[PDB]
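Below you'll find the structure, written out as structure tokens, and then a few comments.
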Amino acid sequence: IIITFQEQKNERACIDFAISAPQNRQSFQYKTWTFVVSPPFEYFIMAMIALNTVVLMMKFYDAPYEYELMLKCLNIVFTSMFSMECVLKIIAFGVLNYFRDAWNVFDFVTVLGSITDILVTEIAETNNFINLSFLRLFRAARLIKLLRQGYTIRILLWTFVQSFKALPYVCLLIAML
Ligand SMILES: CC(C)CCC[C@@H](C)[C@H]1CC[C@H]2[C@@H]3CC=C4C[C@@H](OC(=O)CCC(=O)O)CC[C@]4(C)[C@H]3CC[C@]12C
């Protein structure tokens, strides 16, 4: 099936078709922009991503309850820092400049999810709905930010996923089966 697969030169055509294909310095805006574009800031964010994943891993069953309290405090600290990072981005860049990156939207959504999770877990039992705990996905989903830094693996995933997006009817045939 691999050897004989119909196509329904090309490199040059794709290259020739793809051939078609920052913020200013005024005030404290520029100071915040300089801080958030400083490579130390981005590296610090990466490091705290790593530490947050470590804290997410540190959970285990039947903890002394001085361990769970420490984990909750660390989660509060991490989500507070991430909200602060989102605030400094939304100030240093424009609001339109921020919500038009397709990654800053994701970071903002995960920050709001984490904050809502923190707020709910304190009085969660009073909701009495099966969807009380689904807000805990955002802490885990914060892990994705390293997939950006993993260059070849991000390229590989994006290529294969956009390939899957161009075949919506084979999946419909399997669903029909
Ligand atoms: C690439 C690595 C360096 C990054 C991740 C490091 C840690 C976040 C991971 C490494 C292995 C994990 C540990 C694997 C097994 C232990 C012991 C385990 O202790 C028990 O189960 C005792 C309970 C009982 O015996 O009844 C609790 C989780 C814990 C601390 C885990 C805590 C988090 C750890 C240290």
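So you can find residues: chains in the structure tokens are A, B, ... in the order shown, residues in each start at 1, and ligands are numbered from 1 in order.
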Give me, as JSON lines, each residue of chain A that comes within 12 Å of ligand 1, together with its shortest interatomic pair and the distance in Å at one decimal, counting only C-alpha atoms and all ligand atoms, with rows ordered by chain and rising residue number.
{"residue": "A:50", "atom": "CA", "partner": "ligand 1", "partner_atom_place_in_ligand_line": "4 (C)", "distance": 8.5}
{"residue": "A:51", "atom": "CA", "partner": "ligand 1", "partner_atom_place_in_ligand_line": "8 (C)", "distance": 8.4}
{"residue": "A:52", "atom": "CA", "partner": "ligand 1", "partner_atom_place_in_ligand_line": "8 (C)", "distance": 9.4}
{"residue": "A:53", "atom": "CA", "partner": "ligand 1", "partner_atom_place_in_ligand_line": "8 (C)", "distance": 7.5}
{"residue": "A:54", "atom": "CA", "partner": "ligand 1", "partner_atom_place_in_ligand_line": "8 (C)", "distance": 4.2}
{"residue": "A:55", "atom": "CA", "partner": "ligand 1", "partner_atom_place_in_ligand_line": "8 (C)", "distance": 6.5}
{"residue": "A:56", "atom": "CA", "partner": "ligand 1", "partner_atom_place_in_ligand_line": "8 (C)", "distance": 7.8}
{"residue": "A:57", "atom": "CA", "partner": "ligand 1", "partner_atom_place_in_ligand_line": "8 (C)", "distance": 5.2}
{"residue": "A:58", "atom": "CA", "partner": "ligand 1", "partner_atom_place_in_ligand_line": "33 (C)", "distance": 4.2}
{"residue": "A:59", "atom": "CA", "partner": "ligand 1", "partner_atom_place_in_ligand_line": "28 (C)", "distance": 6.5}
{"residue": "A:60", "atom": "CA", "partner": "ligand 1", "partner_atom_place_in_ligand_line": "28 (C)", "distance": 5.2}
{"residue": "A:61", "atom": "CA", "partner": "ligand 1", "partner_atom_place_in_ligand_line": "21 (O)", "distance": 6.8}
{"residue": "A:62", "atom": "CA", "partner": "ligand 1", "partner_atom_place_in_ligand_line": "23 (C)", "distance": 6.9}
{"residue": "A:63", "atom": "CA", "partner": "ligand 1", "partner_atom_place_in_ligand_line": "23 (C)", "distance": 7.6}
{"residue": "A:64", "atom": "CA", "partner": "ligand 1", "partner_atom_place_in_ligand_line": "23 (C)", "distance": 9.8}
{"residue": "A:67", "atom": "CA", "partner": "ligand 1", "partner_atom_place_in_ligand_line": "30 (C)", "distance": 10.3}
{"residue": "A:68", "atom": "CA", "partner": "ligand 1", "partner_atom_place_in_ligand_line": "27 (C)", "distance": 11.8}
{"residue": "A:71", "atom": "CA", "partner": "ligand 1", "partner_atom_place_in_ligand_line": "32 (C)", "distance": 11.5}
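As for atom CA of residue 65 of chain A and atom CA of residue 122 of chain A, they are spaced 15.7 Å apart.
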(Q) Give me, as a ChimeraX atom specification, the residues of segment 92-127 of chain A that a backbone DSSP run labels helix (DSSP H, G or I). (A) /A:92,95-98,104-122,124-126
**Q.** Spatial neighbours of residue 147 of chain A, max dist 12 Å, only C-alpha atoms, sep filter under 3 positions, as a VMD selection string
**A.** chain A and resid 46 49 to 50 103 141 to 144 150 to 158
Q.
Restricting the calculation to only C-alpha atoms: of A:146, A:120, A:26, A:36, which residue gets closest to residue 86 of chain A?
A. A:36
List as a PDB file with N, CA and C atoms, in the first residue's frame the protein and nucleic acid residues near residue 91 of chain A, meaning an atom at most 8 Å away when only C-alpha atoms are counted, but skip any in the same chain fewer than 4 places from it.
ATOM      1  N   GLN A  29       5.625  51.689  28.843  1.00  0.00           N
ATOM      2  CA  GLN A  29       5.369  50.603  27.904  1.00  0.00           C
ATOM      3  C   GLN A  29       6.674  50.004  27.402  1.00  0.00           C
ATOM      4  N   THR A  32       8.490  47.969  30.222  1.00  0.00           N
ATOM      5  CA  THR A  32       7.884  46.653  30.383  1.00  0.00           C
ATOM      6  C   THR A  32       8.205  45.753  29.198  1.00  0.00           C
ATOM      7  N   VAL A  87      -0.143  39.431  32.892  1.00  0.00           N
ATOM      8  CA  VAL A  87      -0.395  40.862  33.065  1.00  0.00           C
ATOM      9  C   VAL A  87       0.736  41.688  32.463  1.00  0.00           C
ATOM     10  N   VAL A  95      -3.313  45.053  23.714  1.00  0.00           N
ATOM     11  CA  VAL A  95      -4.316  44.017  23.948  1.00  0.00           C
ATOM     12  C   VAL A  95      -4.596  43.254  22.660  1.00  0.00           C
TER      13      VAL A  95
END
(Q) Using only C-alpha atoms, can you tell me which of A:107, A:70, A:145, A:101 comes closest to residue 83 of chain A? (A) A:107
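Checking A:10, A:139, A:21, A:31 one by one against residue 78 of chain A, counting only C-alpha atoms, you find the shortest gap at A:139.
As for atom CA of residue 35 of chain A and atom CA of residue 88 of chain A, they are spaced 8.9 Å apart.
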Q: Would you kindly return, as a list in words, each protein, DNA or RNA residue with an atom no farther than 10 Å from any atom of residue 90 of chain A, considering only C-alpha atoms and excluding same-chain residues fewer than 4 positions away?
A: residues 32, 33, 84, 85, 86, 94, 95, 96, 97, 98, 99, 104 and 108 of chain A
Please produce a file of the residues just selected, as a PDB file, in the first residue's frame, where the atoms kept are C-alpha atoms.
ATOM      1  CA  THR A  32       7.884  46.653  30.383  1.00  0.00           C
ATOM      2  CA  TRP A  33       8.554  45.527  26.810  1.00  0.00           C
ATOM      3  CA  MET A  84       1.474  38.128  36.725  1.00  0.00           C
ATOM      4  CA  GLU A  85       3.371  37.101  33.587  1.00  0.00           C
ATOM      5  CA  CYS A  86       0.167  37.402  31.567  1.00  0.00           C
ATOM      6  CA  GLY A  94      -1.147  45.874  23.035  1.00  0.00           C
ATOM      7  CA  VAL A  95      -4.316  44.017  23.948  1.00  0.00           C
ATOM      8  CA  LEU A  96      -4.899  43.323  20.261  1.00  0.00           C
ATOM      9  CA  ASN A  97      -1.183  42.562  19.918  1.00  0.00           C
ATOM     10  CA  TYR A  98      -1.539  40.033  22.763  1.00  0.00           C
ATOM     11  CA  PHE A  99      -4.758  38.207  21.846  1.00  0.00           C
ATOM     12  CA  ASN A 104      -1.014  34.061  24.255  1.00  0.00           C
ATOM     13  CA  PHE A 108      -4.484  33.358  29.132  1.00  0.00           C
TER      14      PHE A 108
END
